[PDB]
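Trainee: This one's experimental. Sequence and coordinates below.
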Amino acid sequence: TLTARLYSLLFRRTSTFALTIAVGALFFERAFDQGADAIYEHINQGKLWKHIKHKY
Amino acid sequence: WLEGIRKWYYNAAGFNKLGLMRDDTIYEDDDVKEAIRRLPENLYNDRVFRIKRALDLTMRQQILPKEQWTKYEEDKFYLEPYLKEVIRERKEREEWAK
Amino acid sequence: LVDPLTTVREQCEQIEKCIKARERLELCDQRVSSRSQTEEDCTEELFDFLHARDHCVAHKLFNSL
Amino acid sequence: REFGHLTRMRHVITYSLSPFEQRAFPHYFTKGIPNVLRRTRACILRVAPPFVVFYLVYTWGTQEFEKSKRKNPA
Amino acid sequence: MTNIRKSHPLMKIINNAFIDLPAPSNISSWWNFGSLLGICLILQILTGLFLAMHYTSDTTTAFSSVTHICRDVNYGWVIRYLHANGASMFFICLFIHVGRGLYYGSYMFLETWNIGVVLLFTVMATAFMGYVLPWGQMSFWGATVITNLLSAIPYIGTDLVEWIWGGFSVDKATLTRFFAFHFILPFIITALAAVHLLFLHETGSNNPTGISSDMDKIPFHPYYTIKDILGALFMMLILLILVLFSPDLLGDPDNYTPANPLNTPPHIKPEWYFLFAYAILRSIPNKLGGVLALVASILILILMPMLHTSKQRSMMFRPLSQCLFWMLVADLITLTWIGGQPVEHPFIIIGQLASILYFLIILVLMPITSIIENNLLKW
Amino acid sequence: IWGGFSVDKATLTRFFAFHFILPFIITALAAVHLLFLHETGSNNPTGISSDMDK
Amino acid sequence: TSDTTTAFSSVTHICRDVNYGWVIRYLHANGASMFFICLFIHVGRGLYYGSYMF
Amino acid sequence: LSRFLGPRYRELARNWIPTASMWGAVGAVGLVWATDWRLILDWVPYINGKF
Amino acid sequence: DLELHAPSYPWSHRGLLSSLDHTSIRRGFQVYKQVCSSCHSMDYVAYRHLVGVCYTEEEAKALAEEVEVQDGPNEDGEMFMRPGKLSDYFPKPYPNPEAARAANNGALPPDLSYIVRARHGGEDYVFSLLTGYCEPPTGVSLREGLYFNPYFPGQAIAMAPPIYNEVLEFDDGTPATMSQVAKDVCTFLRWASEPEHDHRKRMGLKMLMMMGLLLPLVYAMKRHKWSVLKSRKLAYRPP
Amino acid sequence: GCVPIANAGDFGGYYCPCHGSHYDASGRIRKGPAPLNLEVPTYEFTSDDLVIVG
Amino acid sequence: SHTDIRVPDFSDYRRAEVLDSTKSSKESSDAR
Ligand code: HEC
Ligand code: HEM
Ligand code: HEM
Ligand code: HEM
Ligand code: FES
């Protein structure tokens, strides 16, 4: 199973657990920030400063 | 008749739904631990298991099935004779004190 | 320049609630006007009309703006 | 109060299972919804009436303020 | 040779106070509020400090400094509104905690109950002095009214009021001493909370059933750490919703006006969590009687362990007592709403009836009803 | 730490806030100090254990 | 106050205007020195009689 | 509560009334001295000159 | 007595995750520049806050350079004029607060830095109050120099009617109809009261997603650890 | 303070007819939702140029 | 009497992997 391989490759050791958490947070911060910012800009398209900097 | 109202209140209280009996829910005031200590072994064991089961049920927010409810006529006041003696002894000590 | 606010007022004064508020308003108007020494003010019925009209106006208007 | 002199038990057996063997959501909706409905049925006839009469009082007072506030024909 | 967790002195105290503490197995979600308040307290302190580093407690600059915090300090607005709405959450959790204690017969713990009453009084004082600091119209005038309340006490009266004022009325000196008292008090609250926990631990905790749970105690760490963490996450959800979606939901707009002593705002109401007292204030025509009723409303919690007559500790098996308690809660919301509203014919009578009912339920209805229940249950 | 580019209003206000809070931390640490001390008892000038003469 | 514009003046207002204010101000100022005198003597006592073994 | 009172408690009260009254006098004197209560202090002879 | 509460207008930012229409913010700043700043004042916000919100840096510095601002002591201690910079707060039309009352009938124009967040009702009030002027009803005479406005408490404002159609010319070229001017200036005032509005909504979106992620997982962890106790089966076997 | 008629008016030196709260020569409000008249301060009247006012 | 002690049926709670009584537990321990 994929989950079993993930466990007894990268979850058994608590120190490996911490390393996994650290790298996962490193990537998750970027992914979540990008996604949330894209969604928020999509909702208010044309109503933010970044959408009207080109005009002026 | 008053017994109808007593039955209604017994059903409304809900401690029977947990399998408990009247004396299993009494607040343990200073007289109550002494009364409990004087209980015979078998009554004490049954009481402690019943209370443990009640706590188990309330942790899961569940009740006993309708069949296993302590009916009002089957409820026994096991503690009452001991509690009366403890209270009487306390009253006698107080009367001698004054 | 034709203000969209004025046109919204015009079409939104047709709502029958506005109709009753307005007719009550003149029913205050002639009563206060004819009565020389009276302290009554038609601000009450005017406020009723203003509320009834402006809720409707708030529903409309911003779409045109 | 530390473990060891809490109480006295005899002839009590507790069977339990590992958290890694059970499902953390065993019949979450199959059994949970009936239990929540039963609990609501047991409690509502005692909790609701004071709040509904509070709502009646609140509405009555809120309407009472205006007509005392309203113009008196005179 | 021995585990550090239960051999090192500080570690031993932490272990037998938060890790290996035997707690009842069936404590409901309400008990979680005990943790939340403490967390709120930390959230009140840790955020509050960061406001003290850009707030100048001077009349000429207090409001301007707060506006500077919210408009120019990097992420300052988050700190300010987090603080305000967290104080509101603190009072919400405090009221729910008192309700839990009253409901499930917890006031038999006596010492913990009295320490809790003292903590409650200290928290209300802290919030009162806190609201003044922004030096808005409502802040200034609410401080004026609440301090002028103390003029009702006989003899000393005006002298005590001016002593608090540091002058003839509220002014720069009053603002400064309010800021200093506000800074010091929460640490006293923290010490008192430590004493509260110390007193509580000697006897354990009251489970919802009210019976002794010595036969079902479980270690604290595996279960209740994560349970209270879930509770704190829920409280953070509510608090963050309040801060980031309606920051001024529980807040008068007029506090965003610089305090002008020459204009009385049309409405003078305290914070939302004081209205229940203030409404009682409005109920009693006599000023001295009003102040005595205001203090007695909170002081009545001390009488509760003496006013309990039912032979059942909890309220879980007591229906009529439950109905009475929920009527009491509804009366509390009624008092809050009445205090919010001004003082006219529709509200005066309602306030009088609400105050009378609030005292009557605690002092009369609840004990007599407990007697009725004991008689009805053959004991 | 300056809250800027020199010692100014920001630094003064932060210093006031930290000066306010810190002594309470000192009080807590002093309580911990006394706690740690009591598990072993005070040391006499002679250095020898004073368990017999207390 | 904790503002650059009204810090120093405020302190003078403590010494010159507050009833019995100079006594509190100079009590703090000199109590700091007493605190440090006692702290240094305490550290010296710890060094001398080997109390650092705790 | 009614559990008190009776024979033994009344002579306890009588025995402790002198001490309790002396403690009340102690409190009264300490109060009037601490706050410099004028109303009383324009009557005691030598301290009248304080004001 | 009586007061008329403002109707809940459908503002662009009324939405739970909506943002101020920054083009309308720019137009509203124009309105404040050539209408409200003449007698009304705004202090807590400065030209610096304009960048990245409604004006670019060049436009903001030009706007600051247009006005004249008093500075500190001269080489001999004089009060020399100076072209305003980006770090300058919006000039106050009247030097002392009493001079504002003296120039007017006697009521000072409140500062707009918080008027949206200080008036009960919000923009709906400030908008409607501008677009709510009407002839007084019969039977209520107003003093000379006073004006009747139903939404203003007391129904007696000291404003000359500030906003009327074709008062100013927007740089964009949108029609200058009175309703448009009122809406744009109201949006600008909302921005003035809450500059962090858009950032607050963005962080709120992030918080909503983060909690919708965390709460199920933490609840799952709680269920996992508590499942030892929620599945225990007791038994009693007395002799 | 809605544009009062200070030192003038049909009544005495005070008048504020923005609202129903008018005034009088003694300051009494003729009508209006004003809580009271123009506020009277406690004046320990010795005489002119001797009266104590706050 | 110790022989009479029998663990009640927990099959209502056991996960899908550890459900059969003749399939060991080590093979699915990693996955669970
Ligand atoms: C132009 C775009 C505007 C906007 C948005 C506002 N004003 Fe004025 N204003 C003036 C005076 C004398 C007063 C005092 C009247 C009183 O409050 O009694 C005001 C008041 C306001 C308010 C406060 C209303 C409230 O609810 O208290 C608001 C929100 C307001 N103004 C907005 C005078 C003038 C004036 C020339 C004398 C001009 C031009 C403006 N105002 C323009 C505006
Ligand atoms: C017991 C917990 C606390 C409560 C209930 C509390 C309550 C309050 C309240 C209600 C306000 C007004 C907020 C506003 O109107 O915007 C406030 C402001 C303030 N509090 Fe606290 N507070 C607490 C703890 C603290 C602590 C520990 C500090 C110091 C570190 C502190 C410092 C301040 C400061 C400086 C302000 C002014 C900032 C502002 O304008 O909001 N508070 N507090
Ligand atoms: C400063 C705010 C307070 C804090 C931080 C606090 C802290 C705590 C904590 C952590 C608990 C254990 C958790 C729990 O049992 O719920 C607790 C229990 C308790 N508190 Fe408080 N408390 C506060 C206010 C109060 C108040 C106002 C009262 C009532 C007067 C009170 C009375 C009690 C009682 C009776 C208990 C025991 C409840 C039980 O275990 O059954 N506390 N307190
Ligand atoms: C915040 C300031 C401090 C306070 C309030 C404090 C408090 C105390 C007190 C009351 C005692 C017991 C009486 C005594 O033996 O002197 C003590 C003992 C001691 N303190 Fe401190 N202390 C402080 C600072 C320090 C410092 C700076 C050190 C050295 C790093 C220190 C190390 C010790 C030692 C070694 C003892 C034991 C002395 C002995 O047993 O003979 N303390 N402390
Ligand atoms: S302003 Fe003078 S009474 Fe209203």
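Mentor: On my side now, so go ahead. Residues are numbered from 1 along each chain as shown, chains lettered A, B, ... in the order given. Ligands and ions are numbered 1, 2, ... in the order given.
Trainee: got the residue ranges for the strands in chain K?
Mentor: Listed in chain order, chain K contains no strands at all (DSSP state E).
Trainee: Kindly report the residues of it close to chain I.
Mentor: Residues of chain K lying close to chain I by CB under 8 Å from any CB of the partner chain are K:1, K:8, K:10, K:13. Every C-beta, even on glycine, is put in place using the N, C-alpha and C of the backbone.
Trainee: what's the closest of those residues to residue E:177?
Mentor: residue K:13 (61.3 Å; CB to CB).
Trainee: thinking the closest one is in contact with residue D:22, fair?
Mentor: Yes - here residue K:13 reaches residue D:22: they are 4.1 Å apart, a contact under CB atoms under 8 Å.
Trainee: Find residues that contact each of those two.
Mentor: Common contacts of residue K:13 and residue D:22, defined by CB atoms under 8 Å, 6 or more residues apart in numbering or on different chains, comprise I:227, I:231.
Trainee: between the two, who's got more neighbours?
Mentor: residue D:22 (23 against 16; other CB atoms under 10 Å in any protein chain shown).
Trainee: Just to check, the more buried one is in contact with residue K:12?
Mentor: No - using CB under 8 Å, residue D:22 is not in contact with residue K:12; the gap is 9.2 Å.
Trainee: The nearest residue to residue E:54 once chain neighbours are set aside: what's it in contact with?
Mentor: Distances taken as CB to CB, 6 or more residues apart in numbering or on different chains place residue E:69 nearest to residue E:54, at 4.9 Å, with adjacent residues excluded. Contacts of residue E:69 were listed using CB under 8 Å, 6+ apart, and they are E:51, E:54-55, E:76-77, E:79-80.
Trainee: and the gap between residue E:69 and residue I:190?
Mentor: Here residue E:69 is placed at a distance of 20 Å from residue I:190 (CB to CB, to the nearest Å).
Trainee: for residue I:94, same thing?
Mentor: 25 Å.
Trainee: Can you pick out the residue with more neighbours from those two?
Mentor: Each of residue I:94 and residue I:190 has its neighbours counted (other CB under 10 Å); residue I:190 has more, 24 against 17.
Trainee: Which helix or which strand is home to that one?
Mentor: helix I:178-193 (DSSP states H and E).
Trainee: Next: residue I:82.
Mentor: strand I:79-83.
Trainee: What are the buried residues along that strand?
Mentor: Of all the residues in strand I:79-83, not one is buried under the rule 16 or more other CB atoms under 10 Å in any protein chain shown.
Trainee: Contacts for that strand next, please.
Mentor: Against strand I:79-83 from outside (CB under 8 Å, 6+ apart): I:64-65, I:67-71, I:73-74.
Trainee: Please name the nearest non-neighbouring residue to residue 11.
Mentor: As the question left the chain open, I've gone with chain A. According to CB to CB, 6+ apart, the nearest residue to residue A:11 is residue A:17 (5.9 Å).
Trainee: The chain in question should be chain K.
Mentor: residue K:19 (6.6 Å).
Trainee: Surely the one you found and residue K:10 touch.
Mentor: No - in this structure residue K:19 lies outside contact range of residue K:10 using CB under 8 Å: 10.0 Å.
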